[PDB]
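This document starts with one chain, in the form solved without the partner chain, laid out as structure tokens.
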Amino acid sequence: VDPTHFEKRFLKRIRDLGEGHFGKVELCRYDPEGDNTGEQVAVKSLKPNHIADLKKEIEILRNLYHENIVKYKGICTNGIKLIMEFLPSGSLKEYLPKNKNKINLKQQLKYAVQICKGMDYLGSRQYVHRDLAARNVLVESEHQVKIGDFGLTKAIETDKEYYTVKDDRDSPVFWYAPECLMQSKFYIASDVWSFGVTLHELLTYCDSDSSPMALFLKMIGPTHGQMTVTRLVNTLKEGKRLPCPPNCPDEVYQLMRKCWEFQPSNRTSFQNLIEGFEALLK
């Protein structure tokens, strides 16, 4: 009777797709007929408490409707699993290295526009994402990407400008704006900073040796353990930023630099990025 209800007994694990820290996503076939013709779907579950977190993520995803956000399909049930559409091309981390010859600058900018549109819609629902990275963007096709994970997404209070973070143990610090690193405050403009880092990743086709962590650990030093974040904040205070990726026109690098203004309120917005990209595309 309910198409968003997936019975556990028919949910067959095929393989792993990716891991967060407390959750993983697996490829499954939902095969109620039993002849291996059922649909393939992506299944997020917890690692053996964060049940409430997954439930909150489910309720967020369930109510987002946008062509650049991965489709909620249903739930499999204390314990619960999130069921999403499967995108065979995987994330940008998997896809870009294998399709460099296919994806030129024009196409890269189209991806960037689509990501900005997904993030802008998200911001309009009063959510901050907090995990924007090439690894969380899924490829629907050569012509379309979708933001594909919302494990850290949080609502911002009405008449408040940020969400204050409490659990930060497993933060993606090389994607984080200073206000997040120093004060654990997350503005929509912090997602913008993160978009800047994701855009850099896009422009280097997610080559691991040009990854934001790799390049940042070159600048400051790779062997500071507990002092890494402090040295990262210093670097950003001193105005050091990631360099222009190879083959990236200056005009695109300036858009990127606007995502990286030290003060949140002086950063560009997603609507402005979209305009800047659309102007370079015409």
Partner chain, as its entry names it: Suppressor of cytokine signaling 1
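Positions refer to the first chain, counted from 1. Rigid core (definition): largest C-alpha set, two forms, superposition within 1.5 Å.
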Exercise for review: Please report whether at least a third of the other compared entries leave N49 without coordinates.
Suggested key: yes
- prompt: What about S89, is it left unmodelled in a third or more of the other PDB entries we looked at?
  reply: no
In the entry, residues of the deposited sequence missing between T77 and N78 amount to 4 to 9
What lies unmodelled of the deposited sequence between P48 and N49 amounts to 4 to 9
Taking the deposited Cα B-factors and averaging over 213-221 and over 37-45, the higher mean is found in 213-221
Stretch with higher mean Cα temperature factor, 138-146 vs 177-185, is 177-185
Reading the B-factor column for Cα atoms of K106, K154, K160, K73, the highest value belongs to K160
One of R241, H66, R231, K55 has the largest Cα B-factor in the entry, namely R231
For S171, the third of its chain by CA B-factor is the highest
On the chain's distribution of Cα B-factors, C206 falls within the third called lowest
Of the three thirds of Cα B-factor ranks in this chain, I60 occupies the lowest
Quick tally, chain-level thirds of C-alpha B-factors: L122 sits in the middle
On the chain's distribution of Cα B-factors, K110 falls within the third called lowest
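Keep in mind that the form deposited with the partner chain bound is not shown, yet the notes after this line are about it.
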Partner contact check in the entry with it bound: of 199-207, 106-114, 170-178, 140-148, the stretch with a heavy atom within 4.5 Å of the partner chain is 170-178
The listed residue (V229, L54, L61, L236) that reaches within 4.5 Å of the partner chain in the entry with it bound by any heavy atom is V229
ask   = Does any heavy atom of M213 come within 4.5 Å of a heavy atom of the partner chain in the entry with it bound?
value = yes
Contact between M182 and the partner chain in the entry with it bound at 4.5 Å, heavy atoms?
yes
**Prompt:** Do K166 and the partner chain share at least one heavy atom pair within 4.5 Å in the entry with it bound?
**Reply:** yes
At 4.5 Å between heavy atoms, is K73 in contact with the partner chain in the entry with it bound? no
Residues in 119-154 that come within 4.5 Å of the partner chain in the entry with it bound by at least one heavy atom, in order, are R135
| query | With both forms fit on the core, has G20 moved 2 Å or more by CA between this form and the one not shown? | reply | yes
request  = For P246, state whether the C-alpha moves by 2 Å or more between this form and the one not shown after rigid core superposition.
outcome  = no
Check your understanding: After superposition on the rigid core, does the Cα atom of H224 shift by at least 2 Å between this form and the one not shown?
Key -> yes
